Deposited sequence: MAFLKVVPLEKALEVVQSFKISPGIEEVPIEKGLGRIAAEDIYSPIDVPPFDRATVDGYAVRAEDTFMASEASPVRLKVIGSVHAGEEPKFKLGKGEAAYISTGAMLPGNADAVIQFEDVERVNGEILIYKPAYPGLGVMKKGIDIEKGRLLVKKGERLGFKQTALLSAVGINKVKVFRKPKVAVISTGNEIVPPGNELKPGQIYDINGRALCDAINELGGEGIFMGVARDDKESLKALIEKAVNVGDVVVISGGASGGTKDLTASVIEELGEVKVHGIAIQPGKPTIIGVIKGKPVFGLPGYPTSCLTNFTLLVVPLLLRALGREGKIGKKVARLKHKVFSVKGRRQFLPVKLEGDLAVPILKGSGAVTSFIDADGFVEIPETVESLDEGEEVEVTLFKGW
């Protein structure tokens, strides 16, 4: 019973994963996803600071200053980096102050060191200053209450430094959605083991787990399941207990039947190429996906069906990377299909069968969706390409 992609998409949208929220020290925030917006808790700078070395003054005391009749101010103190001024300026009084230091009480301007003449513990001013001169006022860099980090934003070194800059040492991030991954096939064996003729090593299990780790979740490899009822049912049961989501690869009706008896199968077959036999169900409230065994097909279906679910769980609901490009060759195609392509600059190079399953996986940078109609893609004509994340 094949159903359109849109329906399968609506079904996944109906699912909702809530990994929960946790607080981690700021030094452990790198790579995590912010669970909610974060607004600056303080003004930056947190006080009026001098922007040059010179003399803090009450601007008004310099209004009558002229080259002919300079104003004379008495230097009564000083303010250096890190100090909280414990005095204020009276009329006709000034204070030496270094760049970055806090202005003493009543001061509203700083006159550069070179623009005054020092005499007997006093200074001569020949030009009137104005409030704000030589000063970075409190909150002019970043106003208290300003949005610093958005919900769903990944914390890179700039974000963690920013939070540190405003005194934040604990941040609320989404716990990593756990995805239990299973590889199915009588020919599959885990790496490290010796191969017997006829067997191959798992590739999708590791690929899925790490892609999941990369997007922000926690990929847990449950292992390899033989293509039979007992083996598969036992592993799916364990997967359902350790993860919030279960993903199985091994296609290209046993898995569907196992899911059907452990829970419910919402989708069984999708009107697309590849992924025709793709399964989507629910066991004990947890989404379960049965994807194709062919590497690029598993990757394509993973991106189309599982990624949106995971992104939404991380408040990234709608974070798919797309890029336009022109084909390097003509493409013939029947049913709605997604063609794996390699991006060699601004041109999309269609990937072929004979190149091999692994080589195709390596070369696939993304896919181009060709309408259920059909026709030919011809050369160039620019096509939208959904990329397979990155790195």
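Judged by missing C-alpha atoms, the gaps in the deposited chain sequence fall at residues 1-4, 257-261, 344-345, listed in sequence order.
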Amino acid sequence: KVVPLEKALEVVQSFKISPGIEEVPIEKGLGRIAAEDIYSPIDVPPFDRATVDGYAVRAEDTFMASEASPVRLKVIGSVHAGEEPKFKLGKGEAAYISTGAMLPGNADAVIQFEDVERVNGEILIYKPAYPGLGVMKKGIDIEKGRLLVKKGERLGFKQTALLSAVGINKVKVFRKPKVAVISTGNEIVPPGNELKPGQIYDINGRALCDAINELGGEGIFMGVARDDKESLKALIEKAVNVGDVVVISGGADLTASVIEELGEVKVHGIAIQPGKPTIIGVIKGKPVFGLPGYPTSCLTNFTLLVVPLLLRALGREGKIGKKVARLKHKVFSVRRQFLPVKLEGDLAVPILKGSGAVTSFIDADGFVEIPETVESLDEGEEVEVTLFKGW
From here on, numbers count along this sequence of modelled residues.
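Mean CA temperature factor is higher for 375-383 when stretches 375-383 and 7-15 are set side by side in the entry.
When the mean C-alpha temperature factors of 271-279 and 140-148 are read from the deposited coordinates, 271-279 comes out higher. Comparing C-alpha B-factors across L347, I38, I33, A357 in the deposited entry, the largest value falls on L347.
Taking the deposited Cα B-factors for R335, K28, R49, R58, the highest one is held by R335. Ranked against the other modelled residues of its chain, the C-alpha B-factor of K172 as given in the entry falls in the middle third. Remark: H80 belongs to the lowest third of its chain, ranked by C-alpha B-factor as recorded. Per-chain ranking of the deposited C-alpha B factor places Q199 in the lowest third. Looking at the C-alpha B-factors along this chain, the one for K286 belongs to the middle third.
For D53, the recorded CA B-factor ranks within the lowest third of the chain. Only modelled residues enter the ranking.
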